[PDB]
Amino acid sequence: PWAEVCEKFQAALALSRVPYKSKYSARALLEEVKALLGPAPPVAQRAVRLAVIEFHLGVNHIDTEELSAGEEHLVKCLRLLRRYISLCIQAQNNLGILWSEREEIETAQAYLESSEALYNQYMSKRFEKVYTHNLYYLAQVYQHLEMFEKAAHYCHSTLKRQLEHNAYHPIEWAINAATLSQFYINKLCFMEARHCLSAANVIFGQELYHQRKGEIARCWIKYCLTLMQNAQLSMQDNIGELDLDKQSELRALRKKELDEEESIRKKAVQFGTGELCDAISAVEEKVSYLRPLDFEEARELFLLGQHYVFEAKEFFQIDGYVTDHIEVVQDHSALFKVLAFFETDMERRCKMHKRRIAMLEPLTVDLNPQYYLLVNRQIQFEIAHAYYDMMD
């Protein structure tokens, strides 16, 4: 009655999928399976089958992970597994999270490392999934280990596999780019970061339905902010009209070739297999921006395009964060004019100043004693009048 046994297994299996809804009877099924271990009695493969059963019995022994006996059983299973398919590393990973509970990171680390090594040592749905799950688990570990860059590497590879397959959702993509941006900003790899949000711009082809756009625009602002901060490598208050004393190399073939060498890695992000790489290629027009000089006009236009989005986000904010983001844009706008170190232009100052006044009034809505919130706004006026002083 081998099949009948397998049917009982099947049933139990289905029941494992199924006022307690679990344990009560599931534990009986655990034992029912053990009862079937009886009947189970080449033999080597029998043992393999049995080991798998024991894996599931170990899984049955969880109960909020209180059943450490199950842990022991899994260890016993591991031994049996080590004697000589991929479930074994899945199980290993399950042991890894128990070490996490036991704070034994190092062993869990080793487990995960070997899980990957074994795949690589080797060389229609499960693998695709768990492969990336493992990377996720590693990232968590890395957080504790502070392996910053490795976690980042994995992030990209999970997005990679996501791209390989059809596991998509536009918002998630957008926010992913949002985080990646900042990462590379902190790492100063601006030139790579360039493709990230712009990659999301490709994604844009398909509540947050409309609101999501502003978050994106915020990030676009941040790009530009950092780019100006890059300009701040050479500070105006220690120089006169002279600058760019440094080398040119703004079109260096040196940089081109070295980037070609580096971009062997970088370009992996272009998982558009030509088609979307072409979409990206259209987008590359803006990705091309690197170390510009007299393009302040263009710089402001970059804002403008996303300023329109900003305006929409104002529609999407409840007269609170509206003013918070206006602050951002105002300063940002002023900074573009800061870049434009020319005498005949204080109009932006005036333009944003008008906004400052309008933004002051809202204290009527917020009469909480938000002293420093107001002080910040007052500081913005300090700055405004400091800029007046700057002018005169």
Debye log10 I(q)/I(0) for the range 205-329, one point scatterer per Cα, at q = 0.09, 0.18, 0.21 Å⁻¹: -0.39, -1.18, -1.30
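Going highest first, how would you order 89-96, 152-159, 256-263 by mean Cβ packing within 10 Å? All intermediate terms of the calculation are to be shown ahead of the outcome.
Details: 89-96: 19.9, 152-159: 17.0, 256-263: 12.6.
The packing order, highest mean first, is 89-96, 152-159, 256-263.
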Taking the alpha-carbon centroid of each part, what is the distance from the range 315-337 to the range 139-206 in angstrom? 26
If r is the Cβ-Cβ distance from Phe342 to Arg102 and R0 is 51 Å, what FRET efficiency results, to the nearest 0.05? 0.20
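Using helices alone, I'd like the mean residue ellipticity at 222 nm for the chain: each DSSP H run of four-plus residues gives -39500 (n - 2.57), total over residue count, nearest 500. All intermediate terms of the calculation are to be shown ahead of the outcome.
Working: 17 runs with 287 residues, N = 392.
Value at 222 nm, helices only: -24500 deg cm²/dmol.
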Computed over the Cα atoms, what is the radius of gyration of the chain divided by 2.2 N^0.38 Å, N being its residue count? 1.39
Per residue, how big is the convex hull around the C-alpha atoms of the range 102-155? Give it to me in cubic angstrom, could you? 88
Normalise the Debye intensity by I(0) for the range 1-54, one equal point scatterer per Cα, no solvent, then take log10 at q = 0.23 Å⁻¹ and round to two decimals. -0.92
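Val309: net charge of surrounding residues, Cβ under 13 Å, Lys/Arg +1, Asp/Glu -1, itself excluded? Can you show the working numbers first?
Numbers: positive: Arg212, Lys213, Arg218, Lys313; negative: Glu215, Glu311, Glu314.
Taking every other residue near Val309 into account, the sum is +1.
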Overall dimensions of the range 215-283 as given by Cα atoms, namely Rg and Dmax in Å: 17.0, 49
Take the eigenvalues of the Cα gyration tensor for the range 36-173, scale each by 5, and report the square roots as semi-axes in whole Å, largest first. 30, 19, 14
Cβ under 12 Å from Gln90's Cβ, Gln90 left aside: what net charge do those residues give with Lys, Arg +1 and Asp, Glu -1? +2
First measure r as the distance between the Cβ atoms of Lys23 and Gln182, then evaluate 1/(1 + (r/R0)^6) with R0 = 45 Å and state the FRET efficiency to the nearest 0.05. 0.55
List the extent of the Cα atoms of the range 268-392 along each of their three principal axes, largest first, rounded to whole Å. 56, 38, 21
Could you pull the Rg and Dmax for the range 115-239, using just the Cα atoms, both in Å? 17.8, 64
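Each value in this text was obtained by applying a stated rule to the coordinates, not by laboratory testing. Note that each Cβ is placed from the backbone with ideal geometry, even for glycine, and that neighbours are counted across all protein chains shown.
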